[PDB]
Amino acid sequence: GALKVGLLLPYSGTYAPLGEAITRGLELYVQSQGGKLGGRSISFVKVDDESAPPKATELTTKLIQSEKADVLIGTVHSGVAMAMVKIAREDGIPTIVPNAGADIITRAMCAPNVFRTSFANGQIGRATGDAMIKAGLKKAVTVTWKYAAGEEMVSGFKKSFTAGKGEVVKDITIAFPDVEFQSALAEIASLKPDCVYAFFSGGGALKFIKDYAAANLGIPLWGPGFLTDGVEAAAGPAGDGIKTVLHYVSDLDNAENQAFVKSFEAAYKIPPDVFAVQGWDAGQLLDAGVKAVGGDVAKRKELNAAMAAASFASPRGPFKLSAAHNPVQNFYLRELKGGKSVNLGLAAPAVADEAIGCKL
């Protein structure tokens, strides 16, 4: 029969476009392989997590127990993902996290069956802060949503910004997923920083970019690249000049990216963003696992071990995992210019997240 791949993703709410992009990346990859992974037909069982941590346990249990998924792929929101991984790590089902950056997933919750194709929150925050110090910035205000991902990406940023002798004069938070930003912008003006570090993503990021530009602050905006990915065209001139750090830029010139961008644009009529890349690579990682067991997914231990050792070309570059199963990959400095992010050069080379707490 078909291999049942459970997809726990946001198909509604604020992160619906990210769930859509990840699903597109994964489906496009399966199509690129003639509709199979490791010889097996694929059936996607798509469960909407609503980016709602209170539902995460029950939805994960539905996928593992009631739907009898063979593989679990999810999710976007770090709070949902940490609850999902808490169950999945005890069950043993092969599990791939295609976005959620929660630090714990490849730290204390690391497990032989849990893999990530995206990033860790603290690591990307650190890379962004270090790029800002290298740029000569000294006095930051941070603004983000009040949940794990925002807290962790701000924490990483603050560590590298303050190690570089910068000062963070205020951390402003907004309830998730509220998009009333004007009072935060007035506070930012009053604090007179030399930069702002922001984490938002999806339509909330678009609104933030628009509102920030309309405030006429004369202060440069920075963030992890989630702040701009997927919203570049709609942001228009308000986006121009925003600086970000991310593990993907659409202009990367390698063969895998060129073919992927062409295939994705032909299918969906927009460029792929980082979320689509992360879904595509979840497909490549699963393919590696299923091929190594000749399609026999009953061989879970062997399938998971093969994924741990996998390496393949990603649209990013060479893909490989650390011992804790997080990607080891470049982070690029980018600027939004002309309705797309362009590569300004390498911000961080490919180094393994410290993985403190990951035992075995």
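Numbers and lists here come from the model and the stated rules, or from a named source; these are not laboratory values. Ideal geometry is used to build each Cβ from the backbone, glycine not excepted, and the neighbour counts take in all protein chains shown.
Which one is surrounded by the most Cβ atoms within 10 Å (Cβ to Cβ), of the residues in region 145-154 that are without any contact (Cβ under 8 Å) to a residue 60 or more places away in the chain and over 18 Å from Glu167 (Cβ atoms)?
The residue in question is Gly150.
Do you know which residues across region 91-105 are surrounded by fewer than 22 Cβ atoms within 10 Å (Cβ to Cβ) and among the β-branched types (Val, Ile, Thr)?
Across region 91-105, the qualifying residue is only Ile104.
Take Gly294 and tell me if it is at positive phi and in the same structural domain as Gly38 (by CATH).
Spelling it out, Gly294 is indeed at positive phi and in the same structural domain as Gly38 (by CATH).
What's the number of the only condition in (1) outside the structural domain of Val30 (by CATH); (2) more than 16 Å from the chain's Cα centre (by Cα) that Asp353 fails to meet?
The failed condition is (2).
Does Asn216 satisfy being of a type outside the set (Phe, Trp, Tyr) and either in the same structural domain as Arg126 (by CATH) or under 15 Å from the mean Cα position of the chain (by Cα) (or both)?
So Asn216 passes the test.
Just for region 155-190: of the residues that are touching a strand residue (DSSP E or B) at 6+ places or on another chain (Cβ under 7 Å) and of a type in the set (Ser, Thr, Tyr), which one is surrounded by the fewest Cβ atoms within 10 Å (Cβ to Cβ)?
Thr162
Tell me the residue from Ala56, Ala16, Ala88 that is surrounded by fewer than 20 Cβ atoms within 10 Å (Cβ to Cβ) and in contact (Cβ under 8 Å) with a residue 24 or more places away in the chain, please.
Exactly one of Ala56, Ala16, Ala88 is surrounded by fewer than 20 Cβ atoms within 10 Å (Cβ to Cβ) and in contact (Cβ under 8 Å) with a residue 24 or more places away in the chain, namely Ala16.
Residues in region 5-24: is at least one touching a strand residue (DSSP E or B) at 6+ places or on another chain (Cβ under 8 Å) and of a type in the set (D, E, K, R)?
no
Of the numbered conditions (1) in the same structural domain as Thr228 (by CATH); (2) more than 23 Å from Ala276 (Cβ to Cβ), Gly338 fails exactly one; give the number of that condition.
It is condition (2) that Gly338 fails.
Looking at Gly345, is it in a loop (DSSP other than H, G, I, E, B), surrounded by fewer than 19 Cβ atoms within 10 Å (Cβ to Cβ) and more than 17 Å from the chain's Cα centre (by Cα)?
no
Out of all the residues in region 115-133, which are surrounded by fewer than 24 Cβ atoms within 10 Å (Cβ to Cβ) and farther than 30 Å from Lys165 by Cβ?
none
Name the single residue, out of those in region 314-335 being within 18 Å of the chain's Cα centre (by Cα) and of a type in the set (A, V, I, L, M, F, W, C), that is surrounded by the fewest Cβ atoms within 10 Å (Cβ to Cβ).
So, considering only residues that are within 18 Å of the chain's Cα centre (by Cα) and of a type in the set (A, V, I, L, M, F, W, C), the one surrounded by the fewest Cβ atoms within 10 Å (Cβ to Cβ) is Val328.
Hey, which of the helices (runs of 4 or more DSSP H) in region 120-210, taking only ones fully inside, have at least 3 residues that are more than 20 Å from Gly230 (Cα to Cα) and within 22 Å of the chain's Cα centre (by Cα)?
121-134, 148-163
What number of residues within region 232-254 are touching a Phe, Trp or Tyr at 6+ places or on another chain (Cβ under 9 Å), within 21 Å of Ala127 (Cβ to Cβ) and not in a strand (DSSP E or B)?
Here the count works out to 5.
Looking at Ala100, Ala135, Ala69, which is the one that is touching a residue at least 40 places away in the same chain (Cβ under 8 Å), out of contact with any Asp or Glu (no Cβ under 7 Å at 6 or more places or on another chain) and not assigned by CATH to the domain that holds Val297?
Sole residue among the options that is touching a residue at least 40 places away in the same chain (Cβ under 8 Å), out of contact with any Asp or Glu (no Cβ under 7 Å at 6 or more places or on another chain) and not assigned by CATH to the domain that holds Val297: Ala135.
Looking only at region 274-282, decide whether some residue is free of Cβ contacts under 8 Å to residues at least 60 places away in the same chain, small (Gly, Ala, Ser), out of contact with any strand residue (DSSP E or B) (no Cβ under 9 Å at 6 or more places or on another chain) and not assigned by CATH to the domain that holds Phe208.
Looking through region 274-282, none of the residues is free of Cβ contacts under 8 Å to residues at least 60 places away in the same chain, small (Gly, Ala, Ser), out of contact with any strand residue (DSSP E or B) (no Cβ under 9 Å at 6 or more places or on another chain) and not assigned by CATH to the domain that holds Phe208.
Among the residues of region 335-358, is any closer than 26 Å to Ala111 by Cβ, charged (D, E, K, R) and out of contact with any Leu (no Cβ under 8 Å at 6 or more places or on another chain)?
Yes: one or more hits.
Just need a number here: residues in region 290-318 that are farther than 18 Å from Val71 by Cα and either touching a residue at least 40 places away in the same chain (Cβ under 8 Å) or of a type in the set (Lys, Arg) (or both).
Total satisfying the criteria: 5.
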